[PDB]
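Scroll down for the structure; my scribbles are underneath it.
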Amino acid sequence: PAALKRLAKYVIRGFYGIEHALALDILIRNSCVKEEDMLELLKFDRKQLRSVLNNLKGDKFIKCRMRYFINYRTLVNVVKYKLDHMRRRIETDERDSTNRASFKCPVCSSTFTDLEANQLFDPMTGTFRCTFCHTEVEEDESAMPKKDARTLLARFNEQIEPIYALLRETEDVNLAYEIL
Amino acid sequence: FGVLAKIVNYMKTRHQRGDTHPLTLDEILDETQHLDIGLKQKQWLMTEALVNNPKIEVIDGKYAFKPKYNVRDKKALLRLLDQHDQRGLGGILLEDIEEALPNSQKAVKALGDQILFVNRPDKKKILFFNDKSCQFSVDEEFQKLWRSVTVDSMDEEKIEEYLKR
Ligand SMILES: [Zn+2]
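Going down the list, the protein sequences come from chains E and S. Mapping of the first sequence onto the UniProt record's numbering: residues 11 to 77, 92 to 204, in sequence order. Be aware that the second sequence starts at 75, since it is given in the UniProt record's numbering, and climbs by one per residue.
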């Protein structure tokens with residue numbers, strides 16, 4: 011699983027810090043080392059390394075063997105589980121959160137939609153008057169992208185996708201590798 | 075007893091200064107002008123203590139590798155710092171400083187090669203390691219990563235699987 015080893019080397023760099031990356035890396039070689047031994051090998055602080063180990067174990071990066093001696097080893101799922109979850113994270117993002125229908129009152133900075141426009145009308149002025157502090161409303165752009173920026177992240181996501189294509193192929197090879 | 079401990083500290087200092095040359099107990103007594111420690115004590119120090127001390131290597135009639143298990147080389151252990159896939163496993167800030175010169179200049183140089191520093195043990199201790207792959211997207215570094223993961227909790231992953239199918 012040399013490909014998976016490298017795909018993992020990708021995952022450590024992208025994800026957490028180098029301490030975590032270092033701990034994951036030693037484990038990738040099918041480590042079953044004693045925690046005290048893993049402490050001496052790593053030379054971290056015992057409590058804090060354990061904090062690293064608990065942070066990694068809970069998100070589900072780690073598996074154990076109760077030997092009452094405690095032993096740690098990389099969970100046997102081969103990242104894909106992590107990647108699938110991450111893809112959903114990206115897949116959620118990708119979806120538009122900005123409404124194409126949007127007035128706001130400058131005074132109260134509240135937000136309103138097309139749905140409220142048929143009620144926020146006032147015929148004596150021929151335009152819109154707010155509910156609790158009647159003032160003219162114009163556009164919104166509140167807690168929302170004005171220009172480019174969510175889109176730049178979507179373009180960023182697009183930029184990510186080719187450099188992830190090879191990794192998707194790494195996955196393809198891994199997925200054929202599930203005969204072996 | 076005290077005299078020997080002073081010898082060891084001197085010996086570390088002399089190694090730091092650069093004098094890695096092999097020498098004898100008689101020579102150290104001389105150079106420190108403490109030959110009048112008495113032949114009984116001299117002998118006991120020589121043929122019991124400084125033979126049971128694992129920090130020195132006895133060669134023929136003289137002591138080598140001086141202060142401890144070391145390889146010295148001008149503290150320019152670049153290959154050692156490299157060390158292929160093993161990657162040192164991990165160097166210590168204290169050992170490099172003890173080695174010859176202060177670490178800081180070397181570390182600064184090492185920070186612009188492939189090395190990373192972590193504040194191990196007591197934030198005051200530092201370890202060096204070898205990184206490789208760059209980070210994959212310029213986000214604000216930490217807000218998107220916090221949002222991106224699979225729920226720590228069971229059946230979440232199964233809800234992601236079900237949404238895919
Ligand atoms: Zn208002």
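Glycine residues also receive a C-beta, built at the ideal position from the N, C-alpha and C atoms.
Extent of the continuous beta strand (DSSP E) to which residue i belongs
{"i": "E:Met76", "result": "72-76"}
{"i": "E:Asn198", "result": "Premise fails: E:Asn198 lies in the alpha helix (DSSP H), 173-200, not in any beta strand (DSSP E)."}
Beta-bridge pairing of residue i - partner residues as DSSP gives them
{"i": "S:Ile166", "result": "S:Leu201"}
{"i": "S:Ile189", "result": "S:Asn204"}
{"i": "S:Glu131", "result": "S:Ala138"}
{"i": "S:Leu97", "result": "S:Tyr137"}
{"i": "E:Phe136", "result": "E:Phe127"}
{"i": "E:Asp146", "result": "E:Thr151"}
Buried versus exposed call for residue i [16 or more other C-beta atoms within 10 Å across all chains shown]
{"i": "S:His95", "result": "exposed"}
{"i": "E:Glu182", "result": "exposed"}
{"i": "S:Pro141", "result": "buried"}
{"i": "E:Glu29", "result": "buried"}
{"i": "E:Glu195", "result": "buried"}
{"i": "S:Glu173", "result": "buried"}
{"i": "E:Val21", "result": "buried"}
{"i": "E:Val103", "result": "buried"}
{"i": "S:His108", "result": "exposed"}
{"i": "S:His158", "result": "exposed"}
{"i": "S:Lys238", "result": "exposed"}
{"i": "residue 82 of chain E", "result": "Here chain E breaks off after 77 and picks up again at 92, leaving residue 82 of chain E without coordinates."}
{"i": "E:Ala18", "result": "buried"}
{"i": "S:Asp170", "result": "buried"}
{"i": "S:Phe75", "result": "exposed"}
{"i": "S:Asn204", "result": "buried"}
{"i": "S:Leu201", "result": "buried"}
Beta carbon proximity, residue i to chain E, threshold 9 Å
{"i": "S:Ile166", "result": "yes"}
{"i": "S:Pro195", "result": "yes"}
{"i": "S:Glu173", "result": "no"}
{"i": "S:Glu235", "result": "yes"}
{"i": "S:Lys198", "result": "no"}
{"i": "S:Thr224", "result": "yes"}
{"i": "S:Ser178", "result": "no"}
{"i": "S:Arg221", "result": "yes"}
{"i": "S:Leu201", "result": "yes"}
{"i": "S:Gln209", "result": "yes"}
{"i": "S:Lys142", "result": "no"}
{"i": "S:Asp205", "result": "yes"}
{"i": "S:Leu155", "result": "no"}
{"i": "S:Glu231", "result": "yes"}
{"i": "S:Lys238", "result": "yes"}
{"i": "S:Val82", "result": "no"}
Test: residue i CB closer than 9 Å to a CB of chain S
{"i": "E:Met110", "result": "yes"}
{"i": "E:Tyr96", "result": "no"}
{"i": "E:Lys53", "result": "yes"}
{"i": "E:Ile187", "result": "yes"}
{"i": "E:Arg23", "result": "yes"}
{"i": "E:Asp69", "result": "yes"}
{"i": "E:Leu32", "result": "yes"}
{"i": "E:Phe180", "result": "yes"}
Residue i - containing alpha helix (DSSP H), residue span
{"i": "E:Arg97", "result": "Taken as a continuous stretch (DSSP letters only), E:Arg97 belongs to no alpha helix (DSSP H), being part of the beta strand (DSSP E) at 94-98."}
{"i": "E:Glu162", "result": "Per DSSP, E:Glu162 belongs to no alpha helix (DSSP H) and is neither H nor E."}
{"i": "E:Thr116", "result": "104-117"}
{"i": "S:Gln115", "result": "113-118"}
{"i": "S:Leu219", "result": "217-222"}
{"i": "S:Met228", "result": "Careful: S:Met228 lies outside any alpha helix (DSSP H) and carries neither H nor E."}
{"i": "E:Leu32", "result": "28-38"}
{"i": "S:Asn144", "result": "Here S:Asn144 belongs to no alpha helix (DSSP H), and DSSP marks it neither H nor E."}
{"i": "S:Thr87", "result": "76-91"}
{"i": "E:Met48", "result": "45-52"}
{"i": "E:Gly68", "result": "56-68"}
{"i": "S:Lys180", "result": "177-184"}
{"i": "S:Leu151", "result": "Run containing S:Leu151: none; DSSP gives neither H nor E here."}
{"i": "residue 22 of chain S", "result": "In the structure displayed, chain S extends from 75 to 239; residue 22 of chain S sits before or after that span and is not available."}
{"i": "E:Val21", "result": "12-24"}
Report yes or no: do the region 154-169 of chain S and the region 94-112 of chain S share at least 3 C-beta pairs separated by less than 8 Å? no
How about the region 107-121 of chain E and the region 215-228 of chain S: do they share at least three Cβ pairs that are nearer than 8 Å? yes
With a threshold of 8 Å, are at least 3 pairs of Cβ atoms found where one atom belongs to the region 115-129 of chain E and the other to the region 18-37 of chain E? Contact between the region 115-129 of chain E and the region 18-37 of chain E is absent, because fewer than three Cβ pairs lie under 8 Å.
Three or more C-beta pairs below 8 Å linking the region 148-166 of chain E and the region 125-133 of chain E: These segments touch.
Counting Cβ pairs, one atom from each stretch, are 3 or more of them under 8 Å apart for the region 125-141 of chain S and the region 85-93 of chain S? yes
Just checking, does the region 207-214 of chain S make contact with the region 65-74 of chain E on the three C-beta pairs under 8 Å criterion? With the cut-off at 8 Å, the region 207-214 of chain S and the region 65-74 of chain E do not touch.
Within 8 Å, do at least three Cβ pairs link the region 183-190 of chain E to the region 95-106 of chain S? no
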